[PDB]
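Only one chain is given next, in structure tokens, and it is the form deposited in one PDB entry.
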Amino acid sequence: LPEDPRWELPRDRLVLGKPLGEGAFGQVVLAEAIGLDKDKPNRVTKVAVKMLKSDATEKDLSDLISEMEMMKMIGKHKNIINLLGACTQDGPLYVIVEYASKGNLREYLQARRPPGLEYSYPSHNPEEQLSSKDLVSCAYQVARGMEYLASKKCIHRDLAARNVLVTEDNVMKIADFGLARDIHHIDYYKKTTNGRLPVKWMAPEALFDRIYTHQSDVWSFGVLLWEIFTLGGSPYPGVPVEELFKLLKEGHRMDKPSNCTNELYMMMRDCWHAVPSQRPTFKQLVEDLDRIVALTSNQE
């Protein structure tokens, strides 16, 4: 591997800790980086470190390098997982990225659901709660991250609350935007770690015609809005792949969540326009969401 001094961190400056990943986005450990920034070299930063498994192939290594390379080209934004450094020389490749202490958006929302009642699946009682303005702010931050990625000509292809990470400061950060586009596939029947089907976030033209655009990421963002307003709800529970295809061919759309305004449901429906050119762009969604955040009550 060739050395890039823009990103090189000496190996003795990384203190590897507990695994974080294989929960989702590859082989990942939590770590402490000493002196990531030149001002100063005496401070530690908790970081996430992406690396290869023992049974990794030449394609497994080339995909990690490409993801790292893509992150360098995309550059920095507050609403994406940023690249912080790399250990490329004299040992296993380590890709150092931002650590989001509150986990993914689906987990974060589920843990903040209102307390369990006598009819619930009843002991659920968080010490953490979200207002309607907080939920709209979450949607705004994801749209901002996507608008930035789109401005850098990046098409995500897998936007979902599972790929949005939450920092200690409740900042939303889009993850997995730099992953290498697989060829051909993918397995429509392959489930996530929590038993969900990624096809449930895919635009019909991406699913049926294999056409991925910024417009198909806007469809995914509509499903992500639905995930926000259901506080981490699962789209189409109990619906297998073959039945989802039939619902899509019939123009079926998910029902309005109860914790949602008519305006926000019409935003979801607009993201789900059958005609890709008719969907709002991320630039429009950012503008609409900024206006809505300012008018949404934080009193309930």
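Throughout, we count residues from 1 along the sequence that is shown. If you superpose the two forms and keep the largest set of C-alpha atoms that fall within 1.5 Å, you have the rigid core.
A second form of this protein, the form deposited in another entry, is not displayed here; the remarks below concern that form.
No residue of 82, 167, 131, 194 other than 194 has its CA displaced by 2 Å or more between this form and the one not shown when the core is superposed. Once both forms are overlaid on the rigid core, the distance between the two CA positions of residue 92 between this form and the one not shown is under 2 angstroms. Core-superposed comparison between this form and the one not shown: the CA of residue 115 exceeds or equals a 2 Å shift.
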